[PDB]
Each structure stands twice: as structure tokens, then as C-alpha cells.
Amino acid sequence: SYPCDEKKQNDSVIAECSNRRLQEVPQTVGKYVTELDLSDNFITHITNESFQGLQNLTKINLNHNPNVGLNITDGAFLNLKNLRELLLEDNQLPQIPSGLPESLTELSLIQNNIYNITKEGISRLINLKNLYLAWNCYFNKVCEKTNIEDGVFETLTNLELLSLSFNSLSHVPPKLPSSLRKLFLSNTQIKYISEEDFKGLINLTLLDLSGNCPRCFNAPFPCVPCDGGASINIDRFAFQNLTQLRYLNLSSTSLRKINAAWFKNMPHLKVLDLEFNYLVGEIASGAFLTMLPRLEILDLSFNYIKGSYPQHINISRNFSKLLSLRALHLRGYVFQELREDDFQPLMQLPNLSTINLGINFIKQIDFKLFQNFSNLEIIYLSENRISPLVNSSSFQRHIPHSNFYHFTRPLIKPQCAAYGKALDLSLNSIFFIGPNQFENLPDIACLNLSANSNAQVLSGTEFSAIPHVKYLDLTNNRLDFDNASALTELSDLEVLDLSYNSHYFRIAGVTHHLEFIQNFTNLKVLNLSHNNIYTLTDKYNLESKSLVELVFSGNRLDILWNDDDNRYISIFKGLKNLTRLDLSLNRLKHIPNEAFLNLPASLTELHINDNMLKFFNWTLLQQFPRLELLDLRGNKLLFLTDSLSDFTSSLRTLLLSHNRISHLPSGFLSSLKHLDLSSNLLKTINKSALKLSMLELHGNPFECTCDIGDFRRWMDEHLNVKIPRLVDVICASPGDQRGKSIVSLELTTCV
């Protein structure tokens, strides 16, 4: 299957064929295909010729064509009347391709030049459930405003989703179809919303009016405010008939007042986005809060008053009325202290599991207040000013197809929250953890203390008040490991991340003690990456009866092993239950044979990539019966073993990309399902016949003489072995040949 990778399932077959440098649509496309993917190519012409009696095709993706306009022939797709989804994004169009099929349910024309939405190109469409027209006249192109001729949509009676964001409309278009469920109009330069704007949209569940009269604060053009920094103006009766509304986005509309009356007839509102407005007032005395007993997510982030740095956050009593609230986002309100009384209104909300107070520059917090909550699972306090526990103004400056407006990535890694209540204190000033640092905290399972300039010597008492932490993140600090009892008070610890604490490890004379590792009975994952460890004090071996994974990259094994009295010859041996080991980025030029033999026999996965090894004693693989993955990418390897099977019976994956292998020997030979030989120095592959699902080869300098026949043969016979990127497997020589994919070859002249 070339050049498109025909993948199968589920209950339909698709031809993955994008980003292959195509100038055209291959005709040689397996019949009876559900849909085709042709995004990210150089195609420039779409025509009747283009799709011939495909018939079967339901979906077509032609986005990003070409990667520098796109020419399309009227009625080009009509030959396909089973076409339901058509994607034409980033194709630089200046009009809605005329003559479009009526079988379309979904049509995307995002990121194009279309400034006129018309009945000729649209109204026929009829079966459209989803229509996307975002990013066409987003000043400038140049483009004054988007023009929608009156009634273009009313004939689309099955229209469930209409997206017109990032287009200058000035006014909401009339004659909208009552079937609408989602209406996106973010950044449409609409300043006034009238009573009649959404008159008959009785089925709306989502309305996005964000970025209209934005609060540009600390941003330049294309961010453009309404004259005099005025907020969007919404009529009192603008939403009286939108009783099905679940999601309302009013982020960055420069609102100062929220009219409670807008919500009288909106009992189902689950999500309300009010980020990037000027609502500190409303937050203190907002009547609109009494109208939302069913709200689950309220985002009030970045509503700070420039230059204001109040002592306390002023949260209205009415917050107590948001009985269905599950998450409250209060980033960037900016205040100095959080007292138990300040959060009174929220202590009764039964479903509140997430409180986000990131970026508030809070100096003090009465932590006992968190114990008075029914369901907190996530306490996000990153980027605050908590100090070790023994003003009047401030200068805070803030600086797709995607959004919601809140960094949709989770607040805490999921591998961490999964264990329980999570507390994030990263990016604070806990440069030293005091004796009462964590007093009065609920039972925390997940804790992040990353990036706090902490240079202390942990001694075994710092976490006595929260001894049930399972996942502890101590990355990016300058901890001084000079006490064997460090962290032993966390008997339940399962994941410990000490990455990026190189500062004391680098200094000669300072002592380093990692003995605490063995004291944990349930420790599973330990990451000591990027610590430049090159010596240990007194106790030279890491040991754990439980540890399963050890990430030791970015340290200095070259020094620990490559020199010495064999002090660290058995450094990892005592990791009796280890299955994964990362030794990348350790500047290894040579591994002592006994050093390698002492790695735990229990290993199933070993990474040694990105070192500088030139030889590898394969024979050593004999002592690793359970070894399934072996990674050696990014080295300087020269030769391969001639008898691989006399050493391994379990190896399944072998990664050797970015090496200096120039000759693949006889064989091999095997449980080996994956082999990566991409980016090496293979001029050609000698016959080497024969159970493997994948073989990577792009990047080698192949010699395209008739010798490329044995191999060329090989592939033809085995379409059962995936060769990702055949397109990139290229001829290095000879010169007429060079640059040509080893399959494009006009072999015939070979006779």
C-alpha cells in the first residue's frame, strides 16, 4: 500500500494519505474507502478529474494545501453523493466552492479568505449539521467585514452547529435556523446584542460571545478594544428565550456589570466563562450568583484591577448558592492573604472538587481552611508567594480550533491526582520547608513543590504532617541531599521526582547521600534525571526491593563507571525489582562489561540513547532473559552482531536510529517485532531474508544501483512489514538517482 497507508477499522476503511508531498490525488486508491485524508500537501488543483467514481467516500480532508491558494472546479465533488464530511481549511480560498453536494452533513472552511457567505454556495446544502466558517475575515487580509447575505442560513433547517468566530460581523446575522444547538461568535467585533438577536433559537445549548470588546491588557494588535474600553452591551432581554442554554462564554468582553436578569430563564446553565473582564465588584456582590444553582464550572480568572493588590479576596455570600459547582477558577484576581473567613461561602458546596488560585501572588494562607470542605480533590496554588513558615500595590502584567480560554491541559499531572487530594505549590517561595509548613492540611496524596529555590537538606521530618503523600514532585530546586534519612517519613511514597536538582551534585567536596531510597517499601518510580550525579558518599549503590522504574538520564555515568576503583560497578544491581532503566544523556563512550552485567537481570526495558557509544558487546544480552526493549538511538555505533539469537530470546524492539551502521550482516536470523535502522549509514541492504511488524529505514544514504534489487524485492514480497515513511527512504547515489525514493525508481532500465 503506497504512498497512502490504508488502515482498517472500525467497520470502515480509511486511506491515511497526508503530508506525503503530493502535488495530486493518487488515482491508485483502494476502492470502497469510507474516507480519505489528504491534508498537508502541495496539491493545487481540485477538479472533476480529481475524484472519479469513488462513490463510496463519505469524508475528505484537504486542509493545508498547499504548504507555501487552492483551485477547485465547480461541481467537483458531486460525483460523490455519499460525501458527508468535507474539510477545506487553510486552503486560502476566496469563495465558497460553488456546486457542492447536498449529501453534506459537515463542512469546514476555516482559515480561508471567504468574505462573502452566500445563498449560491451555501443554501442548497440542506443536510448540514455542522458548518465551520471561522478565521476568514479576521482583520486584516485585508478585509473590511464578512458579508452574509440575508437568509443564507434560514434554509439550513438541520443546522446544529454554526461557527463564525474570528470574522468581522459587527452584528449577529439574522434569519438563523431554529435547529441551532451551538452558535460560536467569538472575536466578531460585535458590541451590541439586541433582544431580537437570538429570538427563535429555542434549542441553543451553547453561545460563545467571547472576544467582543476584549480586555486586551498587555497585548498589541490584533487585539482591539471597544472605544473607551467599554464592555460588550447586552440587552436585558437578550437571553429570555434561551432556556436550553448550557454553556455561555463571555470571556474578554470587558464586563463590569453582570445583569442577573439575563439568567432568569436559563435553568440549565452548566458552564460560565467570565475570564478577562473587570469583575472584582461582581465577585464581591453579585446577584447573578443566586441564579445559578445548577452551574458546574465558573471561570473568573484574570479579573484583576491593574495595580491593585488588596489584602484579601472579597468573595460574596451568594457563592454559597452555587450548589452544583464542581470547579471554581479564580486565577489572577491578585491579593495577598487568604483567610478561613474569606472562603466561607464555598465550604458548603457539596460537589466543589477543584479550587484554582493560581497566579494570585498570595503571601499567606490559613491552610486549615481547606479541611473544611466536603469534596476537594485539587487545590491549585501555583505561582503564589508562599514562604517558609517558622504592601498596597503591585505590577502584574498578563501575556485553533481550540480554547475555552483556560489552558485545557490539566492543572496537575493525572498520574499524580489519581492518588488523591492534590496540592500544587509549585512556583512559590518555599525555599526552605519549615517545621509548620504543612500543619492543618488535609491528607494530601499528591504534592508539587517544584521551582521554589529550595536549597535545604531534607532530614526526615519535613513531611511529618502529611505523611501519606504518594506522588511527590520536587523538581527544579536545589536540594542538598546530605542526610540519609531524607523523606523517610513518607512511608507510602510511590513516585518521587527529583529531576533538575544538579546544583549541589556538581560541587566538589559536598557530600551526597541517596541511601534513603532503600527505606521505602512501596516506592515504584524514581526520577533522578538532570542532576549531573558523578559521585556518591559512603554508600555507592542504589537499592530497592520495590523500585520498578529508574530514570537516570542527564547524570554522569561516564565518570561513575568509566573511571574508578569499580566503586559504582554494581550501582543498579540492588534494584531487584527493576523493569525500566533510562541511561540516556550520560556521555557514555564505553561501558565496562562487568558494569553492564551488573544491571538488574529483571530488566524488560533499557534505554541508552543519546550517548556516544561506538561498540556494544551484544553477547552481554545473554544475561537479560526478560529484556523486551533495547534502545540505542543517538550514538556512534559502527557494527552489529552477526549472531544476535545466540544472545537474546526475548528482545522484541530494537532502536538503532542515528548511528553509524554501514553494513547489515547476514540475518537476523527471533521475537524481534520492531527494528529501527533509520538515519544510519546504509548504502544498500544485502539480501538477509527472514515475524517482524515494522522496520524503519528513512535517513540512510542508499546506493541506487541495480544492487537495490534484492531489497527492493524484499519489500514487494512483504507488505506485511510496515515501513513508515517510504517517501523518506531515499537514494543517496548515484547522481541521476539522488533524491529519488527507492520505490519511485524506474528500475526497468536495469534489465
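For the two forms, the rigid core is made up of the largest set of C-alpha atoms that agree within 1.5 Å on superposition. So that there is no doubt, residue numbering starts at 1 and follows the sequence shown.
Is 226-234 or 576-584 the stretch whose C-alphas end up farther from this model in 9 other deposited structures of this protein after a rigid core fit?
-> Once the core is superposed, the stretch further away in 9 other deposited structures of this protein is 226-234.
Between 523-531 and 405-413, where do the CA atoms move more in 9 other deposited structures of this protein, taking the root mean square over the structures and residues after a core fit?
-> Larger mean C-alpha displacement, comparing 523-531 and 405-413 in 9 other deposited structures of this protein, is found in 405-413.
Other entries omitting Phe395, at least a third | Across the compared entries, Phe395 is left out in at least a third.
Within the set of other compared PDB entries, does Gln23 lack a model in a third or more?
-> No.
How much of the deposited sequence is absent from the coordinates between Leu669 and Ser670: none, 1 to 3, 4 to 9, or 10 or more residues?
-> Going from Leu669 to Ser670, the model skips 1 to 3 residues of the deposited sequence.
Would you class the number of unmodelled deposited residues between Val390 and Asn391 as none, 1 to 3, 4 to 9, or 10 or more?
-> The entry leaves 4 to 9 residues without coordinates here.
Decide which of the stretches 296-304 and 217-225 has the higher mean C-alpha B-factor, going by the entry.
-> It is 217-225 that shows the higher mean C-alpha B-factor.
Using only the Cα atoms and their B-factors as the entry lists them, report which of 250-258 and 101-109 averages higher.
-> According to the entry, 101-109 carries the higher average C-alpha B-factor.
Return the residue from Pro400, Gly554, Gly434, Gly151 that has the highest Cα B-factor in the entry.
-> Of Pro400, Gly554, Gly434, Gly151, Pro400 has the highest C-alpha B-factor.
Among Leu425, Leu78, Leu474, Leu411, which carries the highest Cα B-factor?
-> Highest CA B-factor of the listed options: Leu78.
Chain third (lowest, middle, highest) by recorded CA B-factor, residue given as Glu605 | According to the entry, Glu605 has a C-alpha B-factor in the chain's middle third.
State the tercile, meaning the lowest, middle or highest third, of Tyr405 with respect to the CA B-factors recorded for its chain.
-> Top third by C-alpha B-factor.
Once the chain's modelled residues are ordered by C-alpha B factor and cut into thirds, is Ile315 in the lowest, middle or highest one?
-> It falls in the bottom third of the chain.
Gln344's Cα B-factor: lowest, middle or highest third of the chain?
-> Middle third of the chain for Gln344's C-alpha B-factor.
Sort the modelled residues of this chain by their C-alpha B factor and say whether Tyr419 lands in the lowest, middle or highest third.
-> Answer is lowest: the recorded C-alpha B-factor places it there.
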